[PDB]
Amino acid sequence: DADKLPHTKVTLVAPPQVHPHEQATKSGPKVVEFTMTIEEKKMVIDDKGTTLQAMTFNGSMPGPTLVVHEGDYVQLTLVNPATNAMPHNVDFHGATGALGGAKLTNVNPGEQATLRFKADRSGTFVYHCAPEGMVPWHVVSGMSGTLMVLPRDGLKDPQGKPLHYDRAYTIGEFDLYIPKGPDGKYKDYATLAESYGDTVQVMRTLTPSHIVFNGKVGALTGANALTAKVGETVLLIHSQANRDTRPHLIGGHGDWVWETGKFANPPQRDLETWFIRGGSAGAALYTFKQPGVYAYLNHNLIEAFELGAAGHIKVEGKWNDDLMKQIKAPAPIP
């Protein structure tokens, strides 16, 4: 009975960070309370000024990551301010029943709702908006994120030995379908409603115009690169609510990877590239061994370099000549 449990209240943080949480814990089950507020807004998604008539949880693409433990109950207040134009809801893949909770959270602008469900399965799970008749549009316009349900005793390798991360990052990858006009330039829409018909037409081609991490080409580069140090273990959460992707860390590996994202299954080790099925979130651990700037990208290299599915990780620490050494620098052929 969930009514007998202590409630806790979690404050969410914006991607690529994930809110403070314990991995292995001595705590018994709780009702963990969250709130998210929907924001529709026009966003600039590339270097040339293309806009998207976007829809978001909490103002960001992806929505923030929610973290609980197996056996906890997730209790979400979903808010849809009167300043929004469309109805919304939420479908938690981590949840059982009522189309993931969509049927119980249909909120018009000016309304809110509170859903509770038992997080009875460990893993990273997609959540997304799913209003009847407009599901793909709300999803591709930005309305998805990840629920991470940790096992109560933390992550385990295939032999049941403990695994941990020192730092977690959350990456949402968005296949975007931005329409063009007769002049071949991308269209700019005054309102969200006006983008709809043209966007569906692009969607039906199955060819994205852009594929971006965290809402924009270069979102996770420069000042906004992810960070780590040699000897630190990072968890990279990767969600793709609509389309397949193949994450890869250049100069690195997936040390332990749950590509289907479900922690009761043994992870695979030493991966070069893994696979996130459209409509899922996966998770990879990597312990840095070399300093420098790494790229974390979709290894369809066109989707990465041409369409935008690539970020950077800047890693501090000491170079290791045993792992890699330039024996002879570039020089004239003898």
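Numbers follow the displayed sequence, beginning with 1.
Averaged over their C-alpha atoms, the temperature factors of 218-226 and 251-259 are higher for 218-226.
Mean C-alpha B-factor is higher over 25-33 than over the other stretch, the pair under comparison being 298-306 and 25-33. Between the residues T170, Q112, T207, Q201, the entry's highest C-alpha temperature factor is the one at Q112. Take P179, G231, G94, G197 and read off each C-alpha B-factor from the entry; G231 has the highest.
Ranked against the other modelled residues of its chain, the C-alpha B-factor of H69 as given in the entry falls in the middle third. Annotation for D183: C-alpha temperature factor in the highest third relative to the rest of the modelled chain, per the entry. When the modelled residues of the chain are ordered by C-alpha B-factor, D153 sits in the highest third.
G59 sits in the middle third of its chain by CA B factor, as recorded in the PDB entry.
In the PDB entry, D46 places in the middle third of its chain by CA B-factor.
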